[PDB]
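Asks: no sequence on this one, just coordinates:
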């Protein structure tokens, strides 16, 4: 069984919170690269890329906060 | 179920806000290309093309604003 | 009873300080998406969107300041 | 009571600053479309349309300036 | 007696340094909104608005500098 | 009679040293939240918030120093 | 005493640099509108109108340059 | 084996997404330079050059976005 | 004796590096405002204004760099 | 006679090391607040403010070092 | 035999993890400097330079983390 | 021997990468200024000036990137 | 004989490691201040200033590390 800590479970909630955003970004890029002059494909790709940008930034900053909460408590043991 | 974020829902309101503007531009182009010397077809195509031009510009700039609002908040987590 | 801290009460003052700005932005977007070529609707939406932009930026930066004031005091306990 | 911010009040001064310019443009267009070969109607419509053009450009650029003034101050909080 | 700190006194020097710039911007806007096609009023308003823009930017950045000078000294107490 | 130690009297000098800074910060926030796009209100709130930030930091670090002076003397009793 | 900044003084040099160009344009228009078929009046009005056109364009662009010089310096404070 | 990172693979999808656009632009230029007064050659070259213009702009901006996503995560390691 | 630091001496080298550029810009503006339709005066003023623009930008950015070099060293004292 | 310790004498060397830097910063601010759009006044104030910033940081960190040297020796008495 | 610690072995995994990225950046720069107006060479160099930028940042931050883990353990010996 | 760092060697590759582009721009300007109405001289000067424009922009941005790579590593020493 | 410790000898290796970088920065500034619009002088000064910036940062951080190594050993005497 692969072990998962508390910081893993926080980062897992973003991964399960979006259904297939990792799939939808890759598929929208492949349709865009086939014909990069379609306004229907450009506006669709702008939405999914900007959505994926806010996805990783909210994920990585959240893990950073819970790390600093835990490190402040462990220091007060000794 | 295809997942849709908040930026998807903002861009979807422009898509549902016009009924068949993507259809009307394509149909007016096909009637124009059959006979590109009809003043009734030129004036009809000028209206629909200029309407489609303002459609994508208002859509793409609106998504850009809500991205910068969200990125300013996520930065203030840590 | 839902508990509310001091940082909740600071952020609540921005929420009660505007009456229905969350409503007015959504309603102005829906009227704009119905007809995105009306100058009366574009100028109305520019005002409410720029007002909503300054709303969240002043809110999020204010909470960040009071967090750093409190964290400086808690560090000087031990 | 409909809430109005500072940027709303700046844009409202242009709206109250002209009495019925939104009415006068629409009425001059309706008289022009009835008979678009009258020089008295063409010269009247040229004046009101060019007046309405300078109206929206001075309005929209003014709101853009006060937005950038406010965003520079809010950034210097934290 | 309303208390005023050192950062208040720095920001007060910009307020007393201009006599009635807050008045002159508001009065020039009201004369402009009455007739927004007068070149004498546009050129007068461009000067006062750009002057008011440099006013707040020089004020807010100056207060930010003296804050960081003081915070560096207070940290070296303990 | 509420008892007050020496560390209470040091912290009381900051409280009496400012007249109504706790009042002025709260009142400036309430005026800002009513209309968070007024440059006169943003620049006033930047001054009072940054003044309140230096207030608590100078207060809390000063009490920390006098604690460590006293604890060094009490250790040299036995 | 009406306060005048540096950008006011730059724009004032164009106003004092021409003696009565604002008067001469208005007077030449009034003589032209009385009899708009006089070649002596048309050629006189072409000269003064084209002179007034270069007047405002050189004035407004000059103020724009000194604004961008000042804004680049104020940014390098903090 | 030539190593290829993730940013290489994103830029490679635009290169494989078009078949021979780098060839078609060069060949259309060579046919145009032989006889630069043929309307069949001018209209063919306008299409391929404008297509190649949107090709590089969509490619270079996409790589810039994924760089800023990665740099935000690497900063939150320490 | 007026004291001058190292950052004063860096900024003084730009001031002594140009002989009378502050004079030449003011004199070219006064000759331009007397007759703002002379191509010999417009082309002379374009050269001196663009020269003065690069003067302040190179000056202010240079002082900003030496400030950040010094602040990095002073931090490594304690 | 006002008593002065060794840490007073170290901090006094910075005060006597600059002649009138406390005067020059205050005078440059008063000239700037009278006309905050003069590039000669902005560049002069950038130099003196950045000089005053490095002044207090080098002063306060130096006193912190000599405090920690003395506290390490006093601890080794008993 | 050249000795290699644990921090050397962590940094060595980035060096062996890329095959010839140090070679590919240098070769792409030499081809770019020969003709710095080729879009095929600019887009190739943007990819390799941005890849090399993320390479060193992920390497240097990783070594910093394992240093702080080890220093926390060594402190708890005595 | 004149010392040259790594950033000097990167900037030197652009200088040696072009043979005499600094010479060719100056010579094409001198031939153009002798007779600025020759289409053979205008089209030759457009090519060399636009080539020199891309030369300095690619040079200066490349040095900026390697500076930020080095500054990120030096920060992780202490 | 001027005494030199171990920390002096570490800082001396940076000073002897560059031949005349202190000279080359000062000479490039003097040539730049004579004519601050020469692209050959701007690009030369960008290279030497950025080289001098990395020089002091690598020097000052290195001395800080060897200080903390020595202070950890001296503490373990008693």
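Replies: Here it is on my side, so go on. Residues are numbered from 1 along each chain as shown, chains lettered A, B, ... in the order given.

Asks: from now on I want contacts and neighbour counts done on CA atoms only, so please keep to that.
Replies: OK.

Asks: okay, now the residue of chain A found nearest chain J: neighbour count?
Replies: Using Cα to the nearest Cα, residue A:78 is the residue of chain A that sits closest to chain J, at 22.8 Å. By the criterion of other Cα atoms under 10 Å in any protein chain shown, residue A:78 has 5 neighbours.

Asks: that one in helix, strand or coil?
Replies: coil (DSSP: H, G, I helix; E, B strand; the rest coil).

Asks: buried stuff in the helix or strand residue A:32 falls within?
Replies: Counting by DSSP states H and E, the element that carries residue A:32 is helix A:21-34. For helix A:21-34, the neighbour count (16 or more other Cα atoms under 10 Å in any protein chain shown) marks A:21, A:24, A:25, A:28, A:29, A:30, A:32, A:33, A:34 as buried.

Asks: contacts for stretch A:24-42?
Replies: By Cα atoms under 8 Å, 6 or more residues apart in numbering or on different chains, the residues outside stretch A:24-42 that reach it are A:44-45, A:48-49, A:52, B:56, H:13-14, H:17-18, H:51, H:54-55, H:58.

Asks: inside helices: which ones of these?
Replies: Using DSSP state H, A:44-45, A:48-49, A:52, B:56, H:13-14, H:17, H:51, H:54-55, H:58 are the members of the contacts of stretch A:24-42 that sit in helices.

Asks: any chance of CSV for the residues you listed, columns neighbour count and distance to residue C:73?
Replies: Compiled in CSV, the ones in helices among the contacts of stretch A:24-42 are given as follows (neighbours: other Cα atoms under 10 Å in any protein chain shown; distance: Cα to Cα, whole Å):
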residue, neighbour count, distance to residue C:73
A:44, 19, 48
A:45, 20, 47
A:48, 21, 42
A:49, 20, 41
A:52, 19, 37
B:56, 19, 51
H:13, 16, 53
H:14, 21, 54
H:17, 18, 58
H:51, 16, 60
H:54, 12, 55
H:55, 19, 55
H:58, 17, 50
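
Asks: and the helix or strand residue A:70 falls within, how far out from the chain middle?
Replies: Using DSSP H and E, residue A:70 sits in helix A:39-75. Helix A:39-75 sits 5 Å away from the centroid of its parent chain (Cα atoms, centre = their mean, to the nearest Å).

Asks: run the angle between that helix and helix H:39-75 for me.
Replies: 10 degrees (axes from the mean of the first three to the mean of the last three Cα atoms, to 10 degrees).

Asks: follow-up on the earlier one: tabulate the contacts of stretch A:24-42 in a markdown table, adding columns for distance to chain G.
Replies: Formatted as a markdown table, the contacts of stretch A:24-42 follow (distance: Cα to the nearest Cα, whole Å):
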| residue | distance to chain G |
| --- | --- |
| A:44 | 37 |
| A:45 | 35 |
| A:48 | 34 |
| A:49 | 32 |
| A:52 | 32 |
| B:56 | 31 |
| H:13 | 40 |
| H:14 | 38 |
| H:17 | 43 |
| H:18 | 43 |
| H:51 | 36 |
| H:54 | 32 |
| H:55 | 34 |
| H:58 | 31 |
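
Asks: so can I have TSV of these showing distance to residue M:74?
Replies: Formatted as TSV, the contacts of stretch A:24-42 follow (distance: Cα to Cα, whole Å):
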residue	distance to residue M:74
A:44	64
A:45	61
A:48	58
A:49	55
A:52	52
B:56	69
H:13	59
H:14	61
H:17	65
H:18	67
H:51	70
H:54	65
H:55	64
H:58	60
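
Asks: out of these, who's nearest chain D?
Replies: residue B:56 (19.7 Å).

Asks: how far away is residue A:9 from residue A:66?
Replies: Counting by Cα to Cα, to the nearest Å, the gap from residue A:9 to residue A:66 is 12 Å.

Asks: go on, residue A:42?
Replies: Relative to residue A:66, and taking Cα to Cα, residue A:42 is found at 37 Å.

Asks: the more surrounded of the two?
Replies: Neighbour totals were compared for residue A:42 and residue A:66, and residue A:42 leads with 19 against 14 (other Cα under 10 Å).

Asks: hmm, residue B:8 and residue A:48 touching each other?
Replies: Yes: taking Cα atoms under 8 Å as the definition, residue A:48 is a contact partner of residue B:8 at 7.4 Å.

Asks: list just the nearest of the contacts of stretch A:24-42 to residue J:62.
Replies: Nearest to residue J:62, judged by Cα to Cα, of the contacts of stretch A:24-42 is residue A:52 at 48.0 Å.

Asks: ok, now which ones touch that closest one?
Replies: A:21, A:22, A:25.

Asks: apply 7 Å and report the result again.
Replies: Residues near residue A:52 by Cα atoms under 7 Å, 6 or more residues apart in numbering or on different chains: none.

Asks: any idea how far residue A:15 is from it?
Replies: From residue A:52 over to residue A:15 (counting by Cα to Cα), the distance is 11 Å.

Asks: from the buried residues of helix A:21-34, pick the one nearest chain L.
Replies: Closest to chain L, out of all of the buried residues of helix A:21-34 and judged by Cα to the nearest Cα, is residue A:33, at 26.6 Å.

Asks: residue H:17 versus the closest one, what's the distance?
Replies: For residue A:33 relative to residue H:17 (Cα to Cα), the value is 5 Å.

Asks: what residues does chain A put near chain B?
Replies: A:18-20, A:43, A:47, A:50-51, A:54, A:57-58, A:61, A:64-65 (Cα under 7 Å from any Cα of the partner chain).

Asks: list just the nearest of these to chain C.
Replies: residue A:65 (13.0 Å).

Asks: so that closest one sits right up against residue B:78, yeah?
Replies: Yes: at 5.7 Å, residue A:65 and residue B:78 qualify as touching, with contact defined as Cα atoms under 7 Å.

Asks: for residue A:19, give me phi and psi.
Replies: Main-chain torsions, residue A:19, degrees, to the nearest 10: phi -80, psi -60.

Asks: distance of it from chain G?
Replies: 44 Å (Cα to the nearest Cα, to the nearest Å).

Asks: which residue packs closest to that residue, ignoring adjacent ones?
Replies: Distances taken as Cα to Cα, 6 or more residues apart in numbering or on different chains place residue B:3 nearest to residue A:19, at 5.9 Å, with adjacent residues excluded.
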